[PDB]
Amino acid sequence: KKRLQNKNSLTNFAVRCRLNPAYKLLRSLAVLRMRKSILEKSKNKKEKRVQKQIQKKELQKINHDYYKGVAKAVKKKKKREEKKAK
Amino acid sequence: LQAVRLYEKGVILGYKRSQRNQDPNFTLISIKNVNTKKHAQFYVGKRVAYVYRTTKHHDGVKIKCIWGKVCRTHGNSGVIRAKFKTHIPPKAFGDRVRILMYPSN
Amino acid sequence: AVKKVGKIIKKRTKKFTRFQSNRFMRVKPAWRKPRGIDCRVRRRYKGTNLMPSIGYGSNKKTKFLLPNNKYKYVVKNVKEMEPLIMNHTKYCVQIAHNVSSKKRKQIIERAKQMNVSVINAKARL
Amino acid sequence: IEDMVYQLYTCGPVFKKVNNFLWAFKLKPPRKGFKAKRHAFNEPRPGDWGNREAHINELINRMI
Amino acid sequence: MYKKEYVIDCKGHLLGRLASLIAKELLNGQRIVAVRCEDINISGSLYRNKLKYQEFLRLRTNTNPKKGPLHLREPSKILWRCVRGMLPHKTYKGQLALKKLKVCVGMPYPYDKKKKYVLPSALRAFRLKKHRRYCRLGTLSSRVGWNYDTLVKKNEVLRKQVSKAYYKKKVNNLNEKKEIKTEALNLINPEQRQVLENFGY
Amino acid sequence: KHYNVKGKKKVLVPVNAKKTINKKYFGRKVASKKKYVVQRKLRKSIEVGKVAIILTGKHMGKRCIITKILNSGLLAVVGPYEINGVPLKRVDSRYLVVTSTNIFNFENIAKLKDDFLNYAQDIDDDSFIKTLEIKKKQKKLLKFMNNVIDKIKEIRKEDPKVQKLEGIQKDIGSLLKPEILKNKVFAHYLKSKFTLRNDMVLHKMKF
RNA sequence: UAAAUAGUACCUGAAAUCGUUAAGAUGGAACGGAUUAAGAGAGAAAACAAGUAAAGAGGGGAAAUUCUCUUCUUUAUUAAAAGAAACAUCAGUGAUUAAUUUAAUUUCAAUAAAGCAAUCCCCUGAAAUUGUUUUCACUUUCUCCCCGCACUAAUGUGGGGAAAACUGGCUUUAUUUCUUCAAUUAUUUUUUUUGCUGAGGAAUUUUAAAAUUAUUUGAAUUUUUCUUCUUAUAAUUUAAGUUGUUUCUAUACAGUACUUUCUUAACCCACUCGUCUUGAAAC
RNA sequence: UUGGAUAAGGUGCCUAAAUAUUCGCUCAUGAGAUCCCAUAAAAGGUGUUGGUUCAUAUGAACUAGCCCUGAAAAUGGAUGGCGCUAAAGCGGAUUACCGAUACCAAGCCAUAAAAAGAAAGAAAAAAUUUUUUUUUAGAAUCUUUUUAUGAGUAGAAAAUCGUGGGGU
RNA sequence: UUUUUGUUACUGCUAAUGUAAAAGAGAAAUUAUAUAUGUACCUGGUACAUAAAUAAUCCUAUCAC
Ligand SMILES: [Mg+2]
Ligand SMILES: [Mg+2]
Ligand SMILES: [Mg+2]
Ligand SMILES: [Mg+2]
Ligand SMILES: [Mg+2]
Ligand SMILES: [Mg+2]
Ligand SMILES: [Mg+2]
Ligand SMILES: [Mg+2]
Ligand SMILES: [Mg+2]
Ligand SMILES: [Mg+2]
Ligand SMILES: [Mg+2]
Ligand SMILES: [Mg+2]
Ligand SMILES: [Mg+2]
Ligand SMILES: [Mg+2]
Ligand SMILES: [Mg+2]
Ligand SMILES: [Mg+2]
Ligand SMILES: [Mg+2]
Ligand SMILES: [Mg+2]
Ligand SMILES: [Mg+2]
Ligand SMILES: [Mg+2]
Ligand SMILES: [Mg+2]
Ligand SMILES: [Mg+2]
Ligand SMILES: [Mg+2]
């Protein structure tokens, strides 16, 4: 066959759907879930905080303990070496 | 008093070049009040006119023009590269050009 | 320098002159390939004469057309221009140099009847 | 085409054939240049030639 | 660089930085007039610059010194030759540019009544730390045989007196005009007065 | 008509196909094989009563009032001839710079918007193209150098389309002049022309 | 004499070299390659107009007598095509400025109220192989007192000693357009202004399919003016490599416009060829 | 050939692009300015900047960065030149930019390879269902279409251009 | 040495043009840089006032007849 212009397979919708027969569904789902969010502004960004209070306070103690232990071990090595110097 | 201006002034510098090579397809232009790269991008689609004089008459008149376009900037100081329909003669490198405002946005 | 009128494109218009032909008058301008060590034209130094190459070739679809956009056929007498009655929109005629005025008049007035154009229908008049 | 994406992003059973099926990619130079090809990525200087683990994505988005 | 002619007084500038900023203006196409060339500064001790000039003076064409390097010791010609060494003066365009510069010692008539500008990126006050050493071009040129340092100062004194009288008259005129202005604001339609008030005129 | 791809909603209008080309190995055909085309979609500052400046033609620098979107991209203006000296005229929006000032914000004029719109329905895109017979009549005059100009000006005066357009021009001018002249500074604004002074830089100006 | 610029140094009559006239250039060589400009000479074979009507001169073919075909005029009627420029549309390839769904990673910050400790606090430091446990240091204030009584760089200051919790730190709410909601990564969706390019022309793969729009035949789910699944017909292109509208050339026949060849400038660049030689611009 | 974006190196002028930003050091009456590369040592300094030890915030010793002494040749001369000290110098860091006949996208020439073909029929436009234009192809080392590639002395091969004479 | 119109038979000729840069090509204190300038008094010193992102400013331009 005679060669023709090569079409951009990512920005040309017809060829994109020709090559990927499942792209239309995924794009539609993403667009729906994108509009739902903006229609619930002044009503979102509130629940996020009330559940952050639910779980981040549980994760906070574990994280704090981990980093506290790391810093303490780093200090212990320092004192042990300084005393060894004398 | 008369004969309104309606354009911004400019001087035609040399060609697009390196040290020792020439490349006369593009020409470098300086604009009067423009001295940053961000401000030069403002003019990135306008039409350029180079008007000069001759000694004989050619079609009843003694003036002719060469038309061009503003294509891009030239880096950090508000200079531009311009593309004309024909290459500008090098006996013009300090002359005047008119940076028009026709294709308005 | 590229020259283009309609669909015809010429990739260069200047001739390839022979090296050293501007300095010695026993050297003619017709192109000859430089051979021999230490030339500076054979070795492609910048700033000297260029060499021809197959890259300047013309499009196959427009390789022999005149600005008339027709091919040229050269005729010597009336009987030779009769094959042009079937292909008159793609060819144009030119009369040879050594035919007499009387013969030329007849060739011209037949070309006019056949609706074919004559490139040099002004000579010897 | 998504099948080849699947077989490339995970070394699926059909990887030799899928990979051998494709012409080698031909890429532009990167948009903001290199640092120094002479030197290595892990040298304390600007350099390139090492193994850069996940920083390859940044480079190949610029020279796509 | 969009003007018929620029006038620069060089009192207080460093020689190299000034000479570099003039050459590009000349190449782009711009007339420049430079005055008071005897007040240019350099960035070494005066002795260190006298030694450099002595090195410049002893190189000459052995077989015939009429040719060869020509040693010009007026302050204006020194700047002229320093600018010449930053232009491609051996082509045609670069010779055209070199002819669009004029230099003077002092400040003769046509330019004593014109507006003078300065180049801040070449001023000694902004470019040289205060514990470094520096010299004046007039003193150096006198040390190598110029012989006109005193007359220039003698003329500058008179020029300054005349300028002072002119400035007094100018200040009087400006005050007299300010009063006439402040009176006439009361005699205009009120809305023109608000529109001038809003935009600070 | 319109097609909706990725939520864009481009508008379709009919188009004709004119140019013909050679076939490969028998007789010719027409080149274009489309039937519709996308409309122009002008920029979001062209209103029905704003003042604007002409940049190119004989009336360059003058100010005018934009009147109608002429169904073919380019648009009709009038800088009322009784006030300014500019007739009904067709211009391309690319050769105009349009300010932020609207005629119908002055409450002294806002009560004329409907009647202004009623006259503008008759302004037609065809009535600006001159007929072939007028062209031939004007070009016959080239076969003194002062009678010809008057003859050319006179022949244009009996084109019926010109007369139809003169009627609308006069109607709009007579309708709109009395309320414009009540605002003195604004009438003087419309009577002057724009120009560039030094110390205004064109990439910091808003207008 | 047909011819003497065929006159006996006699057919034609090249180059090197020199004369005449005209036009140009010209600060210690000249000529060149690339690219344009200004002058000058020449040019119509694509660089507009078929045909129509009238009259004048001709040349042929058929059925000395009627049809029919063509060339050249001269008048006055009339299309149509082509090349450029501007604007718009689409596709391919770039630049440029504003955003964005979900999640991960020790993040913060502000407004109402009530409290906690006082060299004390979230931290950090000095002491008596990891997790505890103790000891003493860590806050400055435009407040007070003593001494030097103006001593300072300071519209304050040097030494000594106290008070308070305004400031700083920590708890419990109930709050986020007073204010904050960052940064990097993973995974997704858009957006302002603009540069360059348009190969081809499908008597049966420019089909099929895909997308779109408007009626439908049924099911889901994400519950919806871009929600999915070609489970029925019509059209369209985003599929199946550029199309359109105005103007000019111009109501021309070679003009100062367009094509072309010479001449002379500018800007960048350019050592003398052939030969032997590892190596040549070579003293 | 037309666009785009780079490498090696550069961004005070010559010379296209930063008199860019952000930290330290240096003053030279012979400063210094980066592969090949176009020279410098032992030994010294109470110049200035950091650091390590021993001695009631003062002494001593030591160490290593820039600078200085050691440091003399023949025509007048060379960080490439001018010049440069709130660097245009030396050691770092952060960004932007400029720059190949190399890299990417598209057109065209040629070379190599490939997919095919030896059982043929109507398309527009201009004219008020009548005429007018243009085309209506089929050569085998041939005709359509697709992809990759292109340096060259000594040397080898193919196709092509021209001259005196002979047969058709 | 006011101005109007132009430089679109035969010998070299005897009417005759250029431009490295017009589009508001606008702008006269001096002085210092770990400070300046102006005024009154006394032989530079007292006293007062003013500038201090000072071209990031000021001045000019359309209202025909
Ligand atoms: Mg060179
Ligand atoms: Mg040729
Ligand atoms: Mg060799
Ligand atoms: Mg780099
Ligand atoms: Mg190597
Ligand atoms: Mg040169
Ligand atoms: Mg028309
Ligand atoms: Mg004979
Ligand atoms: Mg001489
Ligand atoms: Mg209390
Ligand atoms: Mg031998
Ligand atoms: Mg050899
Ligand atoms: Mg030898
Ligand atoms: Mg040799
Ligand atoms: Mg030698
Ligand atoms: Mg290129
Ligand atoms: Mg460097
Ligand atoms: Mg530069
Ligand atoms: Mg000591
Ligand atoms: Mg440098
Ligand atoms: Mg760079
Ligand atoms: Mg080869
Ligand atoms: Mg022979």
Side-chain angles (χ1 to χ4, degrees), chain A residues 2-5 12-14 17-18 25 28-34 37 63-64 67, chain B residues 1 3 5 17-19 22 24 41 44-45 55-59 71-72 75-76 87 89-91 94-96 105, chain C residues 2 20 22-23 36 38 46-49 54-55 57 59 67-69 92 117 119, chain D residues 26 28-29 31 33, chain E residues 2-4 16 20 23-24 29 43 47 51 59-62 82 85-88 96 113-115 121 125-129 132 160 163-164 166-167, chain F residues 3-5 7 15 20-21 23-30 32 34 36-38 40 73 92 94 139 188 192-193 197-198:
Chain A
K2 171 95 186 76
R3 89 166 283 267
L4 280 300
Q5 194 84 75
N12 199 331
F13 195 75
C17 292
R18 171 165 95 211
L25 189 141
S28 68
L29 295 201
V31 171
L32 282 193
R33 214 185 47 190
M34 171 189 211
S37 61
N63 295 344
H64 175 273
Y67 288 111
Chain B
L1 273 78
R5 195 171 94 206
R17 55 175 280 175
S18 72
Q19 186 180 3
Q22 206 61 356
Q41 187 79 24
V44 65
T55 57
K56 315 295 191 296
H57 312 266
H58 286 299
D59 199 357
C71 305
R72 59 185 283 178
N76 296 349
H87 296 156
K91 68 179 273 273
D95 211 331
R96 179 66 65 192
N105 65 40
Chain C
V2 161
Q20 306 269 276
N22 52 309
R23 291 196 177 158
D38 302 332
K46 47 176 304 203
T48 61
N49 283 324
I54 201 70
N59 198 348
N68 189 359
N69 183 122
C92 56
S117 45
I119 289 313
Chain D
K26 286 137 53 72
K28 327 193 284 177
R31 189 262 177 269
Chain E
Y2 297 80
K3 197 178 273 284
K4 191 197 171 120
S20 158
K24 201 57 180 185
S43 75
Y47 188 87
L51 287 176
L59 60 84
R60 79 211 181 269
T61 304
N62 181 239
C82 175
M86 287 192 228
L87 296 179
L96 288 158
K113 283 179 160 72
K114 294 278 179 65
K115 167 68 171 184
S121 287
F126 283 78
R127 303 299 320 190
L128 200 65
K129 277 170 168 136
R132 307 303 186 193
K160 279 192 234 207
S163 198
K164 183 184 189 291
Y166 153 84
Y167 178 70
Chain F
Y3 65 78
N4 187 343
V5 179
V15 71
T20 55
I21 58 173
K23 183 63 66 68
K24 187 154 87 168
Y25 61 82
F26 49 112
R28 322 162 49 91
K29 70 177 172 71
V30 297
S32 176
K34 47 170 78 82
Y36 285 97
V37 76
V38 167
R40 178 169 315 222
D92 191 312
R94 184 69 69 177
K139 285 174 172 215
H188 286 307
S192 80
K193 56 172 69 175
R197 315 289 292 165
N198 48 224

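A, B, ... follow the sequence lines: proteins, then strands. Residue 1 opens every chain. As a basis for the values below, the full set of heavy atoms in this structure was taken, side chains included, without hydrogen atoms, waters or symmetry mates.
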If you go through the side-chain atoms of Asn198(F), does one of them form a donor-acceptor pair with the base of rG24(I) closer than 3.5 Å? yes

Side chain of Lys139(F) only, heavy atoms from C-beta on: which candidate in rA266(G), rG195(G), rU251(G) is closest? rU251(G)

Check whether any side-chain nitrogen or oxygen of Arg23(C) sits under 4.0 Å from OP1 or OP2 of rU272(G), and answer yes or no. yes

Can you check whether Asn4(F) has a side-chain N or O nearer than 4.0 Å to OP1 or OP2 of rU225(G)? no

If the cut-off is 4.0 Å, is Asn68(C) near the phosphate of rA46(G), judged by side-chain N/O to OP1 or OP2? yes

For the helix from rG51(G)-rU77(G) to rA63(G)-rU65(G), what angle separates the axis at the start from the axis at the finish, each from five pairs, in steps of 10°? 20°

Under 4.0 Å, heavy atoms only, any strand: does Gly94(B) hit a base, just the sugar-phosphate, or nothing? base

Under 4.0 Å, heavy atoms only, any strand: does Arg31(D) hit a base, just the sugar-phosphate, or nothing? sugar-phosphate

With heavy atoms under 4.0 Å as the rule, sort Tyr67(A) into base, sugar-phosphate or nothing. base

Taking only N and O in the side chain of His87(B), is any of them less than 4.0 Å away from OP1 or OP2 of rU35(G)? no

Is any side-chain nitrogen or oxygen of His188(F) closer than 4.0 Å to OP1 or OP2 of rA64(I)? no

In whole angstroms, how far is the P atom of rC271(G) from the CG atom of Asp38(C)? 14 Å

Of the options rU204(G), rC109(H), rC104(H), whose atoms approach the side-chain atoms of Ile54(C) most closely? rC109(H)

Hey, would you call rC276(G) and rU277(G) stacked, ring centres under 5.5 angstrom, planes off by under 30 degrees? yes

Mate of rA28(H) across any strand shown (Watson-Crick or G-U wobble, both atom pairs under 3.5 Å) is none

Starting at NZ of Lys4(E) and ending at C1' of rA25(I), how long is that distance when rounded to a whole Å? 8 Å

Is the base of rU132(H) syn or anti, where syn means the angle lies within 90° of 0? syn

Syn if the chi torsion is within 90° of 0, anti otherwise; quick check, which is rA55(G)? anti

If only side-chain N and O atoms of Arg96(B) are considered, is one of them under 4.0 Å from the OP1 or OP2 phosphate oxygen of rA23(I)? yes

Within the 4.0 Å heavy-atom criterion, would you say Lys3(E) contacts the bases, only the backbone, or no part of the nucleic acid? base

Sugar-phosphate, base or nothing in reach of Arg94(F), heavy atoms under 4.0 Å: sugar-phosphate

Is there a Watson-Crick or G-U wobble partner for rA159(H) with both distances under 3.5 Å, and if so, which one is it? none

Looking only at side-chain N and O atoms, does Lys2(A) come under 4.0 Å of OP1 or OP2 in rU146(H)? yes

Let me know the distance between CG of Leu25(A) and P of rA220(G), rounded to the nearest Å. 16 Å

Judged by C1'-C2'-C3'-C4' (positive north, negative south), is the sugar of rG4(H) north or south? north

Atom P, compared across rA165(G) and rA114(G): separation rounded to whole Å: 16 Å

Between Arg33(A) and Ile21(F), whichever has its closest RNA chain G nucleotide further toward 5' is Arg33(A)

Among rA281(G), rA124(H), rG26(I), which nucleotide sits nearest the side chain of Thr20(F)? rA124(H)

Looking at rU101(H) and its strand neighbour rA100(H), are the six-membered base rings less than 5.5 Å apart at the centres with planes tilted under 30 degrees? no

Pairwise P distance for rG164(H) and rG155(H), with rounding to whole Å: 32 Å

Taking only side-chain nitrogens and oxygens of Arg3(A), does any of them come within less than 4.0 Å of OP1 or OP2 of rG107(H)? yes

Tell me whether the OP1 or OP2 atom of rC268(G) has a side-chain N or O from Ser18(B) closer than 4.0 Å. no

Would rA118(H) and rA119(H) pass the stacking test, six-membered ring centres less than 5.5 Å apart and planes less than 30 degrees? no

Roughly how far apart, to the nearest Å, are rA110(H) and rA157(H) at atom P? 26 Å

Out of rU85(H), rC226(G), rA211(G), which has the shortest distance to the side chain of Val31(A)? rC226(G)

Taking any heavy-atom pair under 4.0 Å as a contact, classify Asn69(C): base, sugar-phosphate, or nothing. nothing

Phosphate OP1/OP2 of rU238(G) contacted by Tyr3(F) side-chain N/O (<4.0 Å): yes

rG150(H) -> Watson-Crick or G-U wobble partner, both distances under 3.5 Å, gives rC109(H)

For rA61(I) and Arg5(B) - does any side-chain N or O of the residue sit under 4.0 Å from the phosphate oxygens OP1/OP2? no

Sort out the partner of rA4(G) for me: Watson-Crick or G-U wobble, both distances under 3.5 Å, none otherwise. none

For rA23(I), take OP1 and OP2 only and decide whether either is under 4.0 Å from a side-chain N or O of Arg197(F). no

Hey, does the side chain of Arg28(F) come within less than 4.0 Å of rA126(H)'s phosphate (OP1/OP2), counting only N and O? no

How long is the line joining CZ of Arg17(B) and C1' of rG99(H), in whole Å? 12 Å

Compare the minimum distances between each of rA27(I), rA122(H), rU62(I) and the side chain of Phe26(F), then state the nucleotide with the smallest one. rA122(H)

Using a heavy-atom cut-off of under 4.0 Å over every strand shown, decide if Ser192(F) touches base, sugar-phosphate, or nothing. base

Taking the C1' atom of each, how far is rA64(H) from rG91(H), in whole Å? 15 Å

What is the distance, to the nearest angstrom, from the CG atom on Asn105(B) to the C1' atom on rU194(G)? 10 Å

Pairwise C1' distance for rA86(H) and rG50(H), with rounding to whole Å: 24 Å

Which whole number of Å gives the distance between the P atom of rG44(H) and that of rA78(H)? 35 Å

What's the CG-P distance between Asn63(A) and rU105(G), to the nearest Å? 8 Å

Can you tell me the distance, in whole Å, between the NZ atom of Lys23(F) and the P atom of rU134(H)? 17 Å

Students often get this wrong, so: under 4.0 angstrom with heavy atoms, is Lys28(D) touching a base, only sugar-phosphate, or nothing? sugar-phosphate

Can you tell me how far P of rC84(H) sits from CZ of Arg127(E), to the nearest Å? 12 Å

Could you tell me how far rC161(H) sits from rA118(H) if I compare only their P atoms? Round to whole Å. 34 Å

Considering just the side-chain nitrogens and oxygens of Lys160(E), establish if one lies under 4.0 Å of OP1 or OP2 belonging to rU31(I). yes

Between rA151(H) and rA115(H), how far apart are the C1' atoms? Round to whole Å, please. 33 Å

